[PDB]
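Some notes on the structure that comes next.
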Amino acid sequence: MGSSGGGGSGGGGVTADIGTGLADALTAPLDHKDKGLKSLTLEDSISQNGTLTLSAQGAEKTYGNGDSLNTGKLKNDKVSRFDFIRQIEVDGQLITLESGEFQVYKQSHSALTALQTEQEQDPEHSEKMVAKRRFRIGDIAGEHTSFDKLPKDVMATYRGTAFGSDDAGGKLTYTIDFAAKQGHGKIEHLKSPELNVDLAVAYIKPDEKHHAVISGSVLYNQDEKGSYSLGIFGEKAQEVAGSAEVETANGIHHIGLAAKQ
Numbered sequence: 001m002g003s004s005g006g007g008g009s010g011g012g013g014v015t016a017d018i019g020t021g022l023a024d025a026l027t028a029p030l031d032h033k034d035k036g037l038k039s040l041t042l043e044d045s046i047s048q049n050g051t052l053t054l055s056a057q058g059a060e061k062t063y064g065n066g067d068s069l070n071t072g073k074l075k076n077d078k079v080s081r082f083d084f085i086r087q088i089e090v091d092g093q094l095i096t097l098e099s100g101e102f103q104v105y106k107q108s109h110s111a112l113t114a115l116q117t118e119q120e121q122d123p124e125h126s127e128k129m130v131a132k133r134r135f136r137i138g139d140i141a142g143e144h145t146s147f148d149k150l151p152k153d154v155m156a157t158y159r160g161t162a163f164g165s166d167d168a169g170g171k172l173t174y175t176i177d178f179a180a181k182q183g184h185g186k187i188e189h190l191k192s193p194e195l196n197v198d199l200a201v202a203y204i205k206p207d208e209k210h211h212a213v214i215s216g217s218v219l220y221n222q223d224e225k226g227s228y229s230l231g232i233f234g235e236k237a238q239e240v241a242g243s244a245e246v247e248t249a250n251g252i253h254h255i256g257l258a259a260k261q
């Protein structure tokens, strides 16, 4: 650790300026070469966020009930995580402001969203203020097909991004096994006291209803004891989204996950 050194910012992967691809979904609308979808209005996508600004790893845009979006660039497995505050105040209707995080993933034919919260306010009198972590999953997955559609020897591996209630979203990649519910990977994203760790996985048949299921336990070589449970949506090659539990030594945290293939 003095004469041999060859690793700049290899602490993880994408940084505050790596895959800005998302920065093109807030300031870069459709275009003249979208081999597929060029955008998606949200005339009803929301309803409780009459207005809410959101900044991505490159740019930001105002969204809310009646707002619109443009992902003509997204691909079969693209992500869309950005910070935004859902505030609704009309001249005679909704009236409040709430900040939180956003998690929108895109598959090949379907997609999956996820809303996160961090601060709120209640204009009832002296309650115009709140604090807590509320993550509400969004858009379903790419395809909810019970892995039973091909339970033989297909190793089901999935990797994507996650989100904790007290940590930076999350980043993880696991390798699961078809019907032989057998998987195991590692979760990592930030550098907190739980930067990364090793986790296990298990592919079940009947997931949330009849798709690919995932279950395992995460643990650090130091003294961490977290868990992991998710459901994949693809014969054995679509996407996977769910959440996990992480217990430290005097508290319990919850991290949601969202990945493709």
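To convert, note that position 135 of the sequence shown is 135 in the authors' numbering; the numbers rise steadily by one, no gaps.
Backbone N, C-alpha and C fix where the C-beta goes; we use that ideal spot for every residue, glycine too.
1) Could you name the residues of the same chain whose beta carbon sits closer than 6 Å to that of residue 129, not counting the 5 residues immediately before and after it, in chain order?
2) Do residue 225 and residue 247 have their CB atoms nearer than 8 Å?
3) DSSP puts residue 136 in a beta bridge; with which residues?
4) So what does DSSP say about residue 145, is it helix, strand or coil?
5) In terms of alpha-carbon separation, which member of 33, 36, 43 and 88 lies closest to residue 53?
6) Helix, strand or coil: how does DSSP classify residue 71 here?
7) Where do the N-terminal and C-terminal ends of the beta strand (DSSP E) with residue 83 fall, by residue?
8) Can you grab the Cα-Cα spacing for the pair residue 36 / residue 126, in whole Å?
9) Would you mind working out which of 223, 161 and 191 sits nearest residue 243, comparing C-alpha positions?
10) Less than 8 Å between the CB atoms is what I'm expecting for residue 218 and residue 240, so what's the real figure, rounded?
11) How do the region 13–29 and the region 43–51 stand: do at least 3 beta-carbon pairs fall below 8 Å, yes or no?
12) Should residue 208 be listed as close to the ligand NAP, given that the test is whether its C-beta is under 7 Å from any heavy atom?
13) Between which residues of its own chain and residue 154 is the CB-CB distance below 7 Å, once the five residues before and five after are set aside?
14) When you compare only the Cα positions, how much space is there between residue 185 and residue 68?
15) Which one or two residues does DSSP pair with residue 163 in a beta bridge?
16) With 16 other CB atoms within 10 Å as the buried threshold, where does residue 263 fall?
17) Whose C-alpha, out of 20, 229, 138 and 191, is nearest the C-alpha of residue 102?
18) Quick check: what's the CA-CA separation for residue 182 versus residue 12?
19) May I ask you to verify whether the region 143–151 touches the region 252–259, counting CB pairs closer than 8 Å and requiring at least 3?
20) What's the C-alpha gap between residue 188 and residue 124?
21) Whose C-beta lies closer than 6 Å to the C-beta of residue 144 among residues of the same chain, with five residues either side of it excluded?
22) Helix, strand or coil, according to DSSP, for residue 24 in the structure here?
This is what the structure holds:
1) 121
2) yes
3) 115
4) coil
5) 88
6) coil
7) 78–89
8) 49 Å
9) 161
10) So it is not a contact: roughly 15 Å between Cβ atoms.
11) no
12) Ligands in the displayed structure: none, and consequently the ligand NAP is not present.
13) 178 and 236
14) 36 Å
15) 256
16) The structure shown has nothing for residue 263, since the chain only spans 1 to 261.
17) 138
18) 26 Å
19) no
20) 40 Å
21) 211 and 233
22) helix
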